[PDB]
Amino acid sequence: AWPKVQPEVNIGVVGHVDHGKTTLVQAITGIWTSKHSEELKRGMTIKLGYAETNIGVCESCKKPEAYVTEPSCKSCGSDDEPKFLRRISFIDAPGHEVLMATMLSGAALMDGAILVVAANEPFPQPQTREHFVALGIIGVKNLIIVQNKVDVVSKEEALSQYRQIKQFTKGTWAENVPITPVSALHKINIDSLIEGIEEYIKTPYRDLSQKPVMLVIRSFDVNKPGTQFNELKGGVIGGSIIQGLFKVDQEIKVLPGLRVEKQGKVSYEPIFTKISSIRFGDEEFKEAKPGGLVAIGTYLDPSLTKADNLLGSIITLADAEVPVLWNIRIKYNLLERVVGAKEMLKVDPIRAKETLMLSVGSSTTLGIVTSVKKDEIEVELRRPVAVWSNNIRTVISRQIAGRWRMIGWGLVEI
């Protein structure tokens, strides 16, 4: 039998709207990531989606068909159990331009990524570009490019686009990134993609001695309506562990924490609590390591965690020393052009007093530029940000025609 373990690696799925990210994740895992009513209704990803699968290989069979996502080799005529390789999980990002920030949040949780490119749409589309560049900036460079929807175009058309993709990646960090043609919808050539995932998105080394840090993207509670009020389960906080590991009964804190109102004046106070449970998907564990999306059960009042209230927070051990900053200095670099815009547009230099959007970890925060230099800006934040390390990368966005567009990036200076 295959072991029941947590996913050991996170693979982002990104790309332009409707190019088939969620359907690809379904093709691989059997799971439709969209759980929210508005997502199902509007037919779009809004919040980050999530799905896990085991990966195995039938050692006596021919590749890529030998790769399986369930413990059976019957499809290659063997009654032998396939060799378990690892459990993996997917971070399914929204493609809509208006949701770029969400993609950015998800990118902080990715060990590698799949860029989905629709074979029946002109390449390169705005968010194909924006997601690609964002991946490059953030350092998610273990990339597979998937040409999806090949089922509706001839092989020749798909090859023409393939040539375009090679042209696009040439001279960039992605020059030798593999391109794999599939049909996510009708499940064609998925095995080649599994093989490619095993080859190009290896589980990274984890230094489990590092201080535990989790980036928070969800928060909620299991309590069904009409639940007896003093028998409510504690709040649950969901996210991904980016370093170290957490264990049941650990004393933890959520940073920056809780918004506090004092005569209409606002501060943030760390939220202290204790880990009552650890879960990945449908399985309970006693500890939680990088890879996968974890649900940390706590003793918190469910009202504190309701409706993703804590999105963008981080969680550390209670005694961790972590700067929570209302002002930050950023060593920055700007892109030459607003890659995510439909019509070509140059990036204007940063101006003092302008409002910028900053993506840091899973958080998204508006701030006012208080100082501009050639290599550095200083920003007064509308809300504080937890900065858990010295070389944290931030992505900078500017509001352009009412739309937040990525325009640069930088290092948060301590």
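In this text, residue numbers run from 1 along the sequence as written.
The mean C-alpha temperature factor is higher for 281-289 when 173-181 and 281-289 are set side by side. Taking only CA atoms, the mean B-factor in the PDB entry is higher for 52-60 than for the other of 365-373 and 52-60. Reading the B-factor column for the CA atoms of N327, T298, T227, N148 in the entry, the top value corresponds to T227.
Residue-level inspection of the entry shows that, of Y200, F168, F84, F246, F84 has the top Cα B-factor. In the deposited entry, the Cα temperature factor of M214 places it in the lowest third of its chain's modelled residues. Ranked by Cα temperature factor within the chain, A108 sits in the middle third according to the deposited record.
Among the modelled residues of its chain, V347 has a C-alpha B-factor that falls in the highest third, as given in the PDB entry. Compared with the other modelled residues of the chain, the Cα B-factor recorded for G410 ranks in the middle third. Sort the chain's modelled residues by C-alpha temperature factor and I114 lands in the lowest third, per the entry.
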